[PDB]
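Asker:
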Amino acid sequence: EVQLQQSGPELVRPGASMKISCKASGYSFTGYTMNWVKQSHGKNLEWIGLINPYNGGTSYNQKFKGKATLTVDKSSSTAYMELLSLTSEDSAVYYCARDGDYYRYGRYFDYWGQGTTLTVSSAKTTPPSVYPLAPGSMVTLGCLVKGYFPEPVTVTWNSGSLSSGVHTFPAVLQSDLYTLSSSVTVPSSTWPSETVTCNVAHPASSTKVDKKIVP
Amino acid sequence: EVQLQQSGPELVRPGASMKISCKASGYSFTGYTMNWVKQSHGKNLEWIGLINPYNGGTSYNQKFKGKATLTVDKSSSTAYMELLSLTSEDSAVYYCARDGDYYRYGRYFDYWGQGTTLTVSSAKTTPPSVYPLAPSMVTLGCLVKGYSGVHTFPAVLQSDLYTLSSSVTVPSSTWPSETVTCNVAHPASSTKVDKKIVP
Amino acid sequence: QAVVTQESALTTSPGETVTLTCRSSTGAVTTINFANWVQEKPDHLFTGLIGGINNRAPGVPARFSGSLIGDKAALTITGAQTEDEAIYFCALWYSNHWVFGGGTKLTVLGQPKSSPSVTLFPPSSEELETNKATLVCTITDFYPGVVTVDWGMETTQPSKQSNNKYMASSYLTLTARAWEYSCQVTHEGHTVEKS
Amino acid sequence: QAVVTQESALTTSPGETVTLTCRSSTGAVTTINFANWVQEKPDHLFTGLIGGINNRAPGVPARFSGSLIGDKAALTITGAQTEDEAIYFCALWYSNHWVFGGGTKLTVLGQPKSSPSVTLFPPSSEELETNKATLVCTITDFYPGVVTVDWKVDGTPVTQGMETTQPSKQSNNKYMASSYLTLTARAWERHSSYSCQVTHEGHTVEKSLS
Amino acid sequence: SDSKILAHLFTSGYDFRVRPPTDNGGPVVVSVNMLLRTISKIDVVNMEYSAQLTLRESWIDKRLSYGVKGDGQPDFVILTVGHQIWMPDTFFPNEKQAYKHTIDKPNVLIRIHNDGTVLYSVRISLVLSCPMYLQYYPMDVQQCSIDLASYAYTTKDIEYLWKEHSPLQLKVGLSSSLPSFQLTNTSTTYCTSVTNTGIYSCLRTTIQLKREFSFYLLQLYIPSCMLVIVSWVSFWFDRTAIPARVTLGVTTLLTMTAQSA
Amino acid sequence: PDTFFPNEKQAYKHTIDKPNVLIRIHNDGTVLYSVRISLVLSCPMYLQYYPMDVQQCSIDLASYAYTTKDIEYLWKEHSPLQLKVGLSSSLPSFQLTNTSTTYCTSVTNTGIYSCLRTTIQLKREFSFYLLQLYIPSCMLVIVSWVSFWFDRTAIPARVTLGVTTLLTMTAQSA
Amino acid sequence: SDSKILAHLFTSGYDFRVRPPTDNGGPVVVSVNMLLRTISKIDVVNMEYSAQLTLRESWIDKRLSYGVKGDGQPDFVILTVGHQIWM
Ligand SMILES: CC[C@H](C)[C@H]1O[C@]2(CC[C@@H]1C)C[C@@H]1C[C@@H](C/C=C(\C)[C@@H](O[C@H]3C[C@H](OC)[C@@H](O[C@H]4C[C@H](OC)[C@@H](O)[C@H](C)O4)[C@H](C)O3)[C@@H](C)/C=C/C=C3\CO[C@@H]4[C@H](O)C(C)=C[C@@H](C(=O)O1)[C@]34O)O2
Ligand SMILES: CC[C@H](C)[C@H]1O[C@]2(CC[C@@H]1C)C[C@@H]1C[C@@H](C/C=C(\C)[C@@H](O[C@H]3C[C@H](OC)[C@@H](O[C@H]4C[C@H](OC)[C@@H](O)[C@H](C)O4)[C@H](C)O3)[C@@H](C)/C=C/C=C3\CO[C@@H]4[C@H](O)C(C)=C[C@@H](C(=O)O1)[C@]34O)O2
Ligand SMILES: C=C(C)[C@@H]1[C@H]2OC(=O)[C@@H]1[C@]1(O)C[C@H]3O[C@]34C(=O)O[C@H]2[C@]14C
Ligand SMILES: *[C@@H]1O[C@H](CO)[C@@H](O)[C@H](O)[C@H]1NC(C)=O
């Protein structure tokens, strides 16, 4: 069986430049050319470029001309990718996908890597600020964990008292700072006659904050 | 012995398109190129086009450019001919004739097929319109229209329908002294009519 | 455009030598016309005789032979046979396609000749009522099977009878108002006419 | 420049035959586009299916098949399976580079459909104090897990300032999603009409605010 | 007519150096047909073979369209001498030697269809390198290929595709001019590759040659059996007359060597 | 006429001093074109009767670009093919017994092209094979017989003959 | 575009016979890459061998610069027939 194992996740500040790897095994490494794909949260899949291990030859997407630099180390069967002048826009998951044909370009994808998650942010460990979400003047309430870093943050309701109807949504990366929100559904008439406190914890900064919902 | 057996007769409505075949046997099929000839009642023999089995290559008569499409199936040793946008003018007998030379064009005809009769018509069943005709021995005539001495002549094609007459010579002493009549039946229309020949 | 011309019909006895000719309208028949000769027996039986440069179909009898007599293609049957009675089409090659002739109906004599019995019928009153008048000029008992009707006309193809004398019918179509006439048949010599 | 277009999402039952399509904006998808099809299982598992001229990746099931139906590339799964439920990206080759589509979320049905529960939250007073105003729109309990969030301030639809999270799976096999429209405190008082309309599998649900 | 149609095309501003335009800016698609005439001199020592073929290329050049719909004009016009036309600068990557035939007039044909479609036909004699594998030498099969690709134009400018129907054809008198082998199978494939100068489109036709056995049966196997069998007829000579035995065994052995050499 | 030789593998025009061509333009517009050409043609041979075989080699001639509507070839009416007197004398190994002049027009995918074909018939000279193959082999087989006249006791002599003639037989064949 | 870029380079006074200019008057530096395709016929009697290779030369000719910084124009232009260049 063939395998493409990529380097681990990386956190780097803007302006810097890091290099992710893709170690191939289970096939004659120098026979299949490698593609690099960028999956960002903001856009679709983008094709960065490709490199022929045997040849050293490269061809980049005009978009990434100067942003990425594909290289290859024949001895260790590893394909590398440099990323220069890293910025907020470079925060994405970078995959490496093999081409299908043996010692020739077939223009079709075989196997991909598990992907490498690159996070680019000039942020320091920053405790979140919890703002309550009440319904405009079965009712739904929510918390807004806004402007924290890095992940993760956990959210409960009444210290676990209510679990049914609890949904903690994914976070979004805005302004170098993450931000999510968690909702909890209860029968309209019970609120606000019952304490509805949400429990937010940011272990990365030892932060623990309670903020009960109120109209 | 070589043989070219073509598909059976076909009846199709105008606007449609059908395809007749020509199965070759008794010779290396892929070695001799095939011609297609159209024999219509209105005109002479016309050369449609030709195809080289081995090559796939074709050359059409400018006249049939777009009307006919010659193809060939090597596996079954069969030559086909498509006819598009069929009309009244396409009603004819289509023959397929082999070229004479072995793996080269000799420009001379070998064997032909028995022919395929294609009828392109858009008229439904119609009862025969019988009209009597009349001027030793007197000859009387009977005319069917738009459908001793018993002479029934071939049937023409007048205005998308058929029309034939019927001569019949008899001693003059049996007319009009005796009733001369002619029976005109038509199985497809289920109509039989009689017309009395009067002087 | 270019048209090929042949004798309407020819007659010959068993053993004699007959010659069919094929004329080009654009000029003299040259070798790059690759004059072809095809035979059509009754019941739609076609077979090639001569063609190409100077080659012949497989099995074509020795009596058949091609040439360029004068400025047209010729097909000469030396020692005509009974079975040689058929319709002969010649085809010329003009640049990139074939053009056929009208064909020649060669008759190898078997029965004494016979003059065509003609009879001209007028349009009945049932037709004049339909507003469409039709004439009929039946031709019975004649040999060989080659007649030429001469009066909107449409004559049928010669077809043998029970006594082996081909027969045919002619149809001159008109309108009732036009109606408000004579048919002449020329057969291998004299001309039988009726009004 | 050149854009590739795919169905937002499709639904099918185990055993049936579904067809995904890939459209080119420059014209008809020809053979020199080398239409590729990629599958993404949950947890970021990508694998190739079809591509190139008419070749396929190693191990790609026989039920998968490519074609050029009409004037766009097609990917036909004949006899859909449970595991076939994933996100399918198609990629076209334009001269010298690849361009991917938006992807199609194929769902192999395992439970009854469920329309989304939409909620719209006005900016907290505690947050307005910092001159910032965040509209939060929550969407829960929907299936199949594909929606389309759209904001509109004072009748007019918004293009920027909006962020919508990807359909996350719930403990009950249904999906959820959140969307934030960002404004300034001085700009949140400047208006009085806000809309967060969520489209799901045809039809639409809207939650306004004033 | 034809001379006038040509004059109309080149009287305007036409540059044979400029690649034909495309609707979406895509590459020029060149369909390729290939007709093998003769496959000869299959050298096993230098591992190469000679072959004469007819290359047939077809692409679209809207600039050259004259009749467009036509239907009033000639379908196509034969391109006469003195009129330059952009052409795919195709070459044969594995060609070691190549000759165009120019006897009397050069053996080329260029047609410009009314819609701008161009047909290019040319006779070419090649000497191609064909790495052979003699593991089963006497009874082996080799696979020889002809590669075809653009030299200067990359994948954004020119793309090769094998004709949809019968991309590779053989002349009838090919196997008869190839006595030593039997052309059993052919294939038509792509060999596009990514180099240091870019990604170049490439076609590859492949013939499969099966070595004829009749020769080796008669010139190697049969005579060796006949030689080994002779060495046995000495087992029937009395053990006292050893000179006879040695003469047989030794002669057959020496001859065995020679034959192998 | 852009004529070429379909079965030519190699061709050279002679250009020594001045190119060896002649073009005449008759008053009526008739053109005569003459040119010396050296060819190397492919000629599939059949060695079923190798020692005493006859091969037929051909020179094909046709237009390359012009189809049947533009150009048509025909062999001259009188003596289309001629041989120089010193042809058979420069051809020692064979005997040019018969020649023929034919047409090979064919229908291809690009159209129908007119084509001529001249054919010479080569009969392999036998004198060589009589002296270098048959005679010496009979002489070799006959030698193997002179061992039937040696006493059955002197088998070394017999073997030496039979074996030597056999080996030599092999060599000759090789 | 490309045809225009080429036209702009050779419409001025350009001499393919003249060596490309240098900043310090130094020599023209030609970088060489070489790709061996096949090495065959290794004759030991005549002590020689055949080999087919791809020669790749690269030098700088400021006279031919059209885009300079470019970043608005195509990175490079394929030189078409009929345009002479010092080599
Ligand atoms: C028979 C082998 C033993 C060892 C005998 O060898 C000898 C004498 C001692 C043994 C008894 C000597 C040997 C000839 C044979 C006798 C053979 C023949 C008279 C002919 O062939 C036979 C057999 C042959 O089928 C083996 C058969 O063809 C069939 C079957 C084949 O498939 C199995 C198939 O392909 C074919 C199409 O149809 C054939 C009809 O008939 C004759 C054709 C043989 C000629 C042999 C040779 C000619 O020049 C060769 C070479 O230059 C050399 C130096 C030695 C010769 C030799 O080797 O001489 C040689 O190789 O006897
Ligand atoms: C005679 C054969 C038996 C086996 C004899 O062989 C040997 C000795 C043992 C046997 C008795 C050995 C043999 C020579 C012959 C003797 C032959 C000659 C002195 C000459 O030829 C004779 C006969 C010849 O007609 C067969 C005749 O020409 C006539 C008739 C021909 O038509 C039937 C016709 O074509 C011709 C035009 O006019 C001629 C005038 O005169 C001499 C010409 C022979 C030379 C032979 C050879 C020269 O190099 C050959 C080869 O490189 C080799 C290795 C062996 C030689 C050989 O084979 O040597 C060889 O083939 O005797
Ligand atoms: C038996 C003997 C001694 C003979 C003698 O002469 C022969 O031909 C016989 C032979 O066996 C065969 C050949 O090997 C030998 C040789 O050349 O001289 C000798 C050898 C040994
Ligand atoms: C030719 O035919 C054989 C039949 O087994 C096949 O294996 C081979 O792949 C085919 N293609 C080529 C390269 O000739």
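Residue numbers (this note's numbering), protein chains in the order written: chain A, 1 to 215; chain B, 216 to 414; chain C, 415 to 609; chain D, 610 to 819; chain E, 820 to 1080; chain F, 1081 to 1254; chain G, 1255 to 1341.
Every residue gets a Cβ at the ideal spot worked out from N, C-alpha and C, and that includes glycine.
1) Along the chain, which unbroken stretches of the beta strand (DSSP E) at least 3 residues long are found entirely within the segment 787-814 of chain D?
2) I'd like to know whether the C-beta of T1148/F is nearer than 8 Å to at least one C-beta of chain C.
3) For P957/E, go through chain F and note every residue whose CB falls closer than 9 Å to its CB, in chain order.
4) Does the Cβ of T1025/E lie closer than 7 Å to at least one heavy atom of ligand 4?
5) Counting only Cβ pairs nearer than 7 Å, list the residues of chain B close to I1192/F.
6) Quick check: is the beta carbon of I1339/G nearer than 8 Å to any beta carbon in chain E?
7) Is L1246/F near ligand 2, going by C-beta to nearest heavy atom under 7 Å?
8) For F709/D, does the three-state DSSP call read helix, strand or coil?
9) Starting from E194/A and walking both ways along the alpha helix (DSSP H), at which residues does that stretch end?
10) Report yes or no: do three or more beta-carbon pairs, one from the segment 633-652 of chain D and one from the segment 586-606 of chain C, lie closer than 8 Å?
11) Quick one: which residues of the segment 254-271 of chain B get their C-beta closer than 9 Å to a C-beta of chain E? List them in chain order.
12) Using a Cβ cut-off of 8 Å, pull out every chain E residue sitting near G636/D, in sequence order please.
13) On a CA-only basis, which of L1289/G, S1255/G, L1260/G is nearest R1317/G? Give me that one, please.
14) With a CB to CB cut of under 7 Å and the five nearest residues on each side skipped, what residues in its chain are close to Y1268/G?
15) For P1216/F, verify whether its CB is less than 7 Å away from any heavy atom of ligand 2.
16) Using only CA atoms, which one of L355/B, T332/B, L219/B lies nearest to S538/C?
17) Between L1036/E and ligand 2, is there a pair consisting of the residue's CB and a ligand heavy atom that are separated by less than 7 Å?
18) Classify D409/B as buried or exposed, calling it buried when 16 or more other Cβ atoms lie within 10 Å of its own Cβ.
19) I need the residues with a C-beta less than 5 Å from some heavy atom of ligand 3; please give them in chain order.
20) Should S1114/F be labelled buried (16 or more other beta-carbon atoms within 10 Å of its own) or exposed?
21) When the distance is taken between beta carbons, is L997/E closer than 8 Å to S859/E?
22) Determine contact between the segment 420-434 of chain C and the segment 294-306 of chain B, defined as no fewer than three beta-carbon pairs at a distance below 8 Å.
23) Which class does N276/B belong to by DSSP, given the choice of helix, strand or coil?
24) Spatial neighbours of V863/E within its chain, please: C-beta separation below 8 Å, excluding the five flanking residues on both sides.
25) Give a yes or no on whether the minimum CB-CB distance between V1013/E and chain A is below 8 Å.
26) Could you run through the segment 770-782 of chain D and flag, in chain order, every residue whose CB is less than 8 Å away from some CB of chain A?
27) Taking any Cβ of chain F, which residues in the segment 502-516 of chain C have a Cβ under 8 Å from it, in chain order?
28) With burial defined as no fewer than 16 other Cβ atoms inside 10 Å of the residue's Cβ, what is the status of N1178/F: buried or exposed?
29) Under 8 Å, Cβ to Cβ, is there at least one residue of chain C near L1246/F?
30) What are the complete alpha helix (DSSP H) segments, minimum 4 residues, inside the segment 1013-1050 of chain E?
31) DSSP on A400/B, reduced to helix/strand/coil?
32) Taking all protein chains shown into account, decide if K1258/G is buried (16 or more other Cβ within 10 angstroms of its Cβ) or exposed.
33) Do the CB positions of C237/B and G321/B come within less than 8 Å of each other?
34) Run down chain B in chain order and give the residues with a C-beta less than 7 Å from the C-beta of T461/C.
35) Tell me where the alpha helix (DSSP H) around residue 445/B begins and ends.
36) Have a look at the DSSP bridge pairing and note the partners of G264/B.
Answerer: In short, the structure shows the following:
1) Counting whole runs of 3 or more residues, the segment 787-814 of chain D contains the beta strand (DSSP E) stretches 803-808.
2) Nearest CB-CB separation between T1148/F and chain C: below the 8 Å threshold.
3) For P957/E, none of the residues of chain F pass the 9 Å Cβ criterion, the least Cβ distance being about 17 Å.
4) Yes, since a heavy atom of ligand 4 falls inside the 7 Å radius drawn around the Cβ of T1025/E.
5) Per Cβ cutoff of 7 Å: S274, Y320.
6) Interface flag for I1339/G against chain E is unset, since no Cβ pair is found closer than 8 Å.
7) Flag unset: Cβ of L1246/F not near ligand 2.
8) Of the three classes helix, strand and coil, the one that applies to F709/D here is strand, per DSSP.
9) Segment: none, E194/A is in no alpha helix (DSSP H) and carries neither H nor E.
10) When Cβ pairs closer than 8 Å are counted between the two stretches, the segment 633-652 of chain D is seen not to touch the segment 586-606 of chain C, the count staying below three.
11) Residues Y269, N270, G271.
12) Chain E residues near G636/D: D842, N843.
13) When only C-alpha atoms are compared, the closest one is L1260/G.
14) Excluding sequence neighbours, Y1268/G sits near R1317.
15) Yes, since a heavy atom of ligand 2 falls inside the 7 Å radius drawn around the Cβ of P1216/F.
16) Nearest option by C-alpha distance: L355/B.
17) For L1036/E, the shortest separation between its Cβ and any heavy atom of ligand 2 does not lie below 7 Å.
18) Around the beta-carbon of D409/B, fewer than 16 other beta-carbon atoms lie within 10 Å, marking it exposed.
19) This selection yields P1062/E, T1066/E, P1236/F, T1240/F.
20) Exposed: under 16 other Cβ atoms inside 10 Å.
21) Cβ atoms of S859/E and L997/E: closer than 8 Å.
22) Touching, no, given that fewer than three Cβ pairs across the two stretches are closer than 8 Å.
23) Three-state DSSP puts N276/B in coil, outside helix and strand.
24) The residues are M951, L953.
25) At least one chain A Cβ lies under 8 Å of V1013/E.
26) Under the 8 Å Cβ criterion, the segment 770-782 of chain D contributes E772, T774, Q775, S777, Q779.
27) When C-beta distances to chain F are compared with 8 Å, the residues of the segment 502-516 of chain C below that value are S509, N510, in chain order.
28) Exposed is the call here.
29) Closer than 8 Å: no.
30) Complete alpha helix (DSSP H) runs here, min 4: none at all.
31) Coil at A400/B, not helix or strand.
32) Burial call: exposed.
33) Result no, Cβ atoms of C237/B and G321/B do not sit closer than 8 Å.
34) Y326, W327, listed in chain order.
35) Outside the modelled stretch of chain B, which goes from 216 to 414, sits residue 445/B, for which no answer is possible.
36) Paired residues: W251/B, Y275/B.
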